[PDB]
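Q: Task: produce atomic coordinates for the following.
(2 chains, ligands or ions: 7)
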Amino acid sequence: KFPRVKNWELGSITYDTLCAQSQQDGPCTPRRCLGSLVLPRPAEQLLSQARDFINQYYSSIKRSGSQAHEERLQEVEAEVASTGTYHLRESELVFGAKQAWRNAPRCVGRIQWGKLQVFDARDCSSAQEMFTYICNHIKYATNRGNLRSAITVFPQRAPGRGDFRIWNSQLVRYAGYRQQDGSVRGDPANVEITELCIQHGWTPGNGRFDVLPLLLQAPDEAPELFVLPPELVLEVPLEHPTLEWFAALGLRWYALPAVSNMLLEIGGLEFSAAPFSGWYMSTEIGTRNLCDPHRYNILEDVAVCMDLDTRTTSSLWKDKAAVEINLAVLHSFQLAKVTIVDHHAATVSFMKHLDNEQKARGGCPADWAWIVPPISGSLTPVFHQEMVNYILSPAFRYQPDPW
Amino acid sequence: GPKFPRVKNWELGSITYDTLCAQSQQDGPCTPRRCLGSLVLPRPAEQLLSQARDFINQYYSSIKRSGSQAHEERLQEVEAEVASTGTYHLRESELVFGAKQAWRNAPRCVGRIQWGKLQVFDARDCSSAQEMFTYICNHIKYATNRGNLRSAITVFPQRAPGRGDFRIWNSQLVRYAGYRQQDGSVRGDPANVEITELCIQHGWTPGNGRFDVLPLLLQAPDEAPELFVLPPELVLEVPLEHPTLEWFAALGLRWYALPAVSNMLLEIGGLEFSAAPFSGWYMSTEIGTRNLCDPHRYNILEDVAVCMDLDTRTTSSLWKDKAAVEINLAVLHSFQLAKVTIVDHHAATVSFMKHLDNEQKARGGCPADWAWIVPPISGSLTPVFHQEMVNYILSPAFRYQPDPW
Ligand code: HEM
Ligand code: HEM
Ligand SMILES: CCN(CCc1ccc(NC(=N)c2cccs2)cc1)Cc1cccc(NC(=N)c2cccs2)c1
Ligand SMILES: CCN(CCc1ccc(NC(=N)c2cccs2)cc1)Cc1cccc(NC(=N)c2cccs2)c1
Ligand SMILES: C[C@H](O)[C@H](O)[C@H]1CNc2nc(N)[nH]c(=O)c2N1
Ligand SMILES: C[C@H](O)[C@H](O)[C@H]1CNc2nc(N)[nH]c(=O)c2N1
Ligand SMILES: [Zn+2]
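A: Numbers count the residues shown, from 1 in each chain, chains lettered A, B, ... in the order given. Ligands and ions are numbered 1, 2, ... in the order given. Right below this line is the structure:
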């Protein structure tokens, strides 16, 4: 049955019919809902995903049923039948990557989905070559602060060999040094990748914001270390518009969010290295990366500097310091002329995206827990919006760490 | 290893498995194809008897006499009663256990650390609307307790074959009127426009303030509902002021002390208690964020931001977030000064994490609805944001039921 989806702020109702196109089960059953969980627990097969994807592509260019369309299905069928796999055309890759982004339930920035620079790096044959492509991507996407969404697609997985992989989770990550007494200097999210880099020969620094080298792996070979040229990594020193001491914290963040550990699936084909980037929403830095207790955890230091009463939850010291930290992020990115979006503007644009998608496809897969921001939830319109979560393909998926 | 949902806390890195979810006899709204966890309201003798047996088994376990002669006699008692009457009745101690178990079972409630501390008023002898009113007044007096709030539920007679239901028409025992204006806007609380107009259709003379307490519309079986005005001195309110912003008091904002939900159905062993109002105390974000700042509620964010001299013309000033924080602080400071029990969202969520741990050991899981448990401001500043949760329906339960009109 198609779900009724209600907006509680405005009282309007839509029906999601797009969900009938989901050929892939999520974690929930009628007995229990597992929607808040972060992670999940042959020829005819590939051939049906492939045909379905070819159909999606030709439909998008309005040329369904054409000679072009029928001949491409035969190509795909001939290639699978003989070889057990096939290959996308550049234009199909481009359509498939944009559609994977369109389809991502956890992304609040999908209003932008049509505007994606696609770099084809399927002719890559060494870690060395991956490095060059990654540098060009960083260069293109950063654009001196006028950030532009981009994805670089490396060669697909193949039955008879190891995957191309970027070991780092982002192209830009700060090091995390474990002390002999369990504590962390830097970003505790990155302790494990930091130790991998050292163990593969990297000379470590000892500051709070040391940029990591990349560990890049060509099929069935040990990964290789590649330091990014400092000029390629744009960073933003953080200051506050009115609190002078805030700059004295020595806080900074990188401009470019570039996810490099997800698998891109198109038409049954899987791209194990396909790093993508856009721009940040301020709460990702301001709230999560700087205030999570298991991240940089700076809320207490900011509260002391602000002279808040830290001894009781009911002074709302956490809330006040978080807000100022998020304001600092926005102010500093704006001063540095680096693209960023606040959570109000971002969620307003997502509401427009939902409406666009309702008209265009009869629904939009969205994961409420990830779309609603991590401060000021009900102050944004997405909090009051019901949403339906399901897996469409093309898709960005999680995959195992390669070590 | 374990064939049960794996539940992770991403802050602490710890893992549990929910085995309680196996005791669920009732489907939620989700399927393998699509998750509907974010939807607010997604859409016979042997049936009764099996619900009844299960509940009686739950009761006897709770007092550690599973399989005893007292247990097998009670089962026989219940089937005999259903056999001859089509229904059955709860012993007093069974009603008490079942009302606490329903609270304990409520996936949307963050206050469940307190579940064992509930005063159960048994009003199953009530036979008129006038008498419901007396019971409700007594409930309010007990629960309010001059500011030192005490959790309580009052249980009216269960649904009976043919005979009409006891119903309270109001969604809460205390609600502010919402008066639709000529210009199409609302004075008072827009959530209550419908109950306000029903009160007027039923003979209430309306006021015209922003905070007029509504009368109760109480319905006894097969009768038109009757109207009762709460004695003003029974409805404790808290005027709002801010600890440092001296002008906030000039806004004339207020909220009532006692949140008492009155339109939910309490189901125990298949029995249906259609009138069963319950009350605890507020978490401060219900007032300061949702009630006062929702755009479809009092919607005061812009007014407060203007008094704070914020830049309301641009989202990136964070004017909304700063105003909301101060409004929340005013709510906490004002309740505190008035000595009325309230809990802030940090203290509530921390205590809910303790609840989760207690329930892991006691029952092997805790049904919880993440979207409702995470507070509406400062989500990820609370420990519940980082905690995975498995949502499912256990019984006894508090359920939604259609409006009586
Ligand atoms: C253009 C600006 C964009 C903004 C502001 C944005 C915003 C976000 C945010 C805030 C998240 C949640 C991230 C987190 O909590 O860690 C996210 C998730 C995601 N976005 Fe975007 N997005 C943008 C562009 C893109 C692009 C270009 C892609 C891919 C081509 C993409 C795909 C994703 C995916 C796959 C996720 C989910 C990651 C996961 O499940 O762990 N987004 N987006
Ligand atoms: C002891 C103090 C308590 C606190 C701080 C508290 C907190 C809350 C909060 C914040 C909500 C969400 C309300 C909303 O967003 O509108 C809630 C929901 C709920 N609580 Fe409590 N709770 C308390 C006691 C109780 C008691 C005594 C009961 C019943 C015996 C109860 C049963 C419920 C139920 C059934 C819901 C779900 C409402 C719905 O789905 O519409 N809680 N609780
Ligand atoms: C895949 C990693 N995401 C973050 C991805 C991400 C997506 C988007 C952004 N932000 C952006 N604005 C953009 C990035 C790229 C385009 S826009 C930032 C990060 C978080 C995540 C999801 C699921 C599981 C995990 N896993 C973990 N946290 C683990 C730690 C140790 C073992 S597993 C992490
Ligand atoms: C049943 C009403 N709940 C809120 C109940 C509630 C529970 C708890 C509290 N707060 C408390 N702290 C307590 C109250 C009692 C004990 S603790 C306040 C309110 C909200 C809700 C949920 C689902 C649907 C609706 N209904 C609707 N909004 C509508 C339907 C049709 C038109 S409007 C309302
Ligand atoms: C347990 C819970 O699902 C988890 O903390 C989620 C909640 N919402 C999120 N939302 C976003 N955007 N990013 C996240 O990492 C998370 N974490
Ligand atoms: C659409 C969404 O489910 C809805 O706005 C929910 C979200 N979480 C909530 N959480 C609580 N505690 N109370 C609510 O009314 C809601 N509303
Ligand atoms: Zn679900």
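
Q: Residue A:265: what's it in contact with?
A: Going by CB atoms under 8 Å, 6 or more residues apart in numbering or on different chains, residue A:265 touches A:100, A:271, A:393, A:394, A:395, A:396, A:397. In short, each C-beta sits where N, CA and C put it, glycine included.

Q: If you tally nearby residues, what's the number for whatever residue of chain A ends up closest to ligand 4?
A: Nearest to ligand 4, among the residues of chain A, is residue A:8, at 6.9 Å (CB to the nearest ligand atom). Residue A:8 sits with 14 neighbouring residues when counted by other CB atoms under 10 Å in any protein chain shown.

Q: and what of residue A:362?
A: By the criterion of other CB under 10 Å, residue A:362 has 16 neighbours.

Q: Same check on residue A:326?
A: A count of nearby residues for residue A:326, using other CB under 10 Å, gives 26.

Q: and chain A, what are its domains?
A: Domain segmentation of chain A under curated CATH domains yields A:16-122+A:149-159+A:263-277+A:347-371, A:123-148+A:163-234+A:398-402, A:235-257+A:280-345.

Q: Adding distance to ligand 1, write these out as a markdown table.
A: Rendered in a markdown table, the data for these read as follows (distance: least, CB to the nearest ligand atom, whole Å):
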| stretch | distance to ligand 1 |
| --- | --- |
| domain A:16-122+A:149-159+A:263-277+A:347-371 | 3 |
| domain A:123-148+A:163-234+A:398-402 | 7 |
| domain A:235-257+A:280-345 | 4 |
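
Q: Now residue A:131: closest residue in space, sequence neighbours ignored.
A: Take residue A:131 and drop its neighbours on the chain: the residue closest to it by CB to CB, 6 or more residues apart in numbering or on different chains is residue A:226, 4.5 Å away.

Q: show me what contacts that neighbour?
A: Applying CB under 8 Å, 6+ apart as the definition, the contact partners of residue A:226 turn out to be A:127, A:131, A:213, A:214, A:215, A:216.

Q: where does the last one land in three-state SS?
A: Secondary structure, DSSP: H, G, I helix; E, B strand; the rest coil: residue A:216 is strand.

Q: and it, how many neighbours does it have?
A: What residue A:216 shows, counting by other CB under 10 Å, is a neighbour count of 27.

Q: next one: the fourth one
A: Residues lying near residue A:214 (other CB under 10 Å) number 26.

Q: Can you pull the phi and psi angles for the closest residue to it other than its chain neighbours?
A: Distances taken as CB to CB, 6+ apart place residue A:226 nearest to residue A:214, at 4.8 Å, with adjacent residues excluded. For residue A:226, the backbone dihedrals are phi -140, psi 110 (criterion: degrees, to the nearest 10).

Q: The stretch 301-403 of chain A: strands as residue ranges?
A: Chain-ordered strands for the stretch 301-403 of chain A, with DSSP state E, counting those that start in this stretch as the definition, fall at A:340-341, A:395-397.

Q: Ligand 7 is nearest to which of those strands?
A: Shortest separation from ligand 7 across these is recorded for strand A:395-397, at 18.2 Å, computed as CB to the ion.

Q: got the phi/psi numbers for the closest residue to ligand 5 within the stretch 1-150 of chain A?
A: Ranked by CB to the nearest ligand atom, the top residue of the stretch 1-150 of chain A for proximity to ligand 5 is residue A:36, at 4.3 Å. According to degrees, to the nearest 10, the main-chain angles of residue A:36 amount to phi -80, psi -10.

Q: returning to what we had before: wait, which of the domains of chain A is closest to residue A:387?
A: Distances from residue A:387 to each of the domains of chain A were compared by CB to CB, and the smallest falls on domain A:16-122+A:149-159+A:263-277+A:347-371, at 3.9 Å.

Q: buried set for the helix or strand containing residue A:118?
A: Take DSSP states H and E as the rule and residue A:118 turns out to sit in strand A:117-120. Going by neighbour count (16 or more other CB atoms under 10 Å in any protein chain shown), the buried part of strand A:117-120 is A:118, A:119, A:120.

Q: and the next helix or strand after it, C-alpha only, in CSV?
A: Moving toward the C-terminus from strand A:117-120, the next helix or strand (DSSP H and E) is helix A:127-142. Taking Å, rounded to 0.1, in the frame of the first residue of the first chain, the C-alpha atoms of helix A:127-142 are listed here in CSV:
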residue,chain,number,x,y,z
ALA,A,127,47.6,4.1,-7.4
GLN,A,128,49.9,6.7,-8.9
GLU,A,129,47.2,7.5,-11.6
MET,A,130,44.5,7.6,-8.9
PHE,A,131,46.6,10.3,-7.1
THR,A,132,46.7,12.5,-10.2
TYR,A,133,42.9,12.1,-10.7
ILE,A,134,42.2,12.9,-7.1
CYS,A,135,44.4,16.1,-7.2
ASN,A,136,42.5,17.3,-10.3
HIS,A,137,39.2,16.6,-8.6
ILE,A,138,40.3,18.6,-5.4
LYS,A,139,41.5,21.4,-7.7
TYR,A,140,38.3,21.5,-9.7
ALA,A,141,35.9,21.1,-6.8
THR,A,142,37.6,23.6,-4.5
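
Q: what residues does chain A put near ligand 7?
A: Chain A has residues A:28, A:33, A:35 near ligand 7, with proximity defined as CB under 5 Å from the ion.

Q: Which one of the residues you listed is nearest to ligand 3?
A: The nearest one, if we look at the residues of chain A next to ligand 7 relative to ligand 3 and count by CB to the nearest ligand atom, is residue A:35, at 14.2 Å.

Q: I figured the closest one hits residue A:370, correct?
A: No: when contacts are counted by CB atoms under 8 Å, residue A:35 is not listed as touching residue A:370 (10.2 Å).

Q: Comparing these two, which shows the higher neighbour count?
A: In this comparison of residue A:35 against residue A:370, neighbours counted by other CB under 10 Å, the higher total goes to residue A:35 at 25 against 17.

Q: contacting residues for the residue nearest the centre of chain A?
A: Closest to where the C-alpha atoms of chain A average out (CA atoms, centre = their mean) is residue A:259, at 5.1 Å. By CB under 8 Å, 6+ apart, the contact list for residue A:259 reads A:169, A:170, A:275, A:276, A:277.

Q: Thanks a lot, catch you later.
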